[PDB]
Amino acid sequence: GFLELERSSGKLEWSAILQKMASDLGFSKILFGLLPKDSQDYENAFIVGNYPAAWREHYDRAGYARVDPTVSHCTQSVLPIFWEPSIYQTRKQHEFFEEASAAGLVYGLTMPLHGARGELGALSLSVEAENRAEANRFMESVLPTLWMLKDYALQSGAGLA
């Protein structure tokens, strides 16, 4: 439910709930990340979820925030960007893709977060599918629910980053 999210007290409880709503919706890995107004400090964003630790580490250390095409997207758009070959346009972005894939992030989307007080962030979710046609079918069945979720997550989570 969306209400357990808003009425949850701490960071552990809130992120636990967001993460179970995400698995219950059928997503495997989740990242919620949020920055205050006018910050581009991606190495110091509020970040919760279940991305493997080694991958989050590589990401920060290699400076992927500057490369990751979903980052520049969130900056200019409120619409989701699905993780497709298309979005990986330069060749550093291709390297980025072969690494994410090796870390298990192949099918998925990133929902941009733009808060009432100027917050900037992203909710990203992975899908385990035997392929991208099954993965889109799945995504298309959950989108409206997810779209609501990302907003409840931003409103309630903004008050604790």
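C-alpha atoms forming the largest set that superposes within 1.5 Å between two forms make up the rigid core. One rule holds for the numbers: they count along the sequence shown, beginning at 1.
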Self-check item: Greater root mean square CA deviation, 136-144 compared with 7-15 in 9 other deposited structures of this protein, core aligned
Solution: 7-15
Exercise. Determine, for 44-52 and 31-39, which one has C-alphas that on average lie farther from this form in 9 other deposited structures of this protein; superpose on the rigid core first.
Key: 44-52
Quiz item: Which has higher Cα B-factors on average according to the PDB entry: 66-74 or 38-46?
Solution: 38-46
Quiz item: Between 90-98 and 128-136, which has the larger average Cα B-factor in the PDB entry?
Solution: 128-136
Exercise. Comparing against every modelled residue in the chain, figure out the third that the C-alpha B-factor of residue 116 lands in (lowest, middle or highest).
Key: lowest
Self-check item: Third of chain Cα B-factors occupied by residue 106
Solution: highest
Practice problem: Place residue 15 in the lowest, middle or highest third of its chain's C-alpha B-factors, as listed in the PDB entry. | Solution: lowest
Exercise. Classify residue 160 as lowest, middle or highest third according to the C-alpha B-factor given in the PDB entry, relative to its own chain.
Key: highest
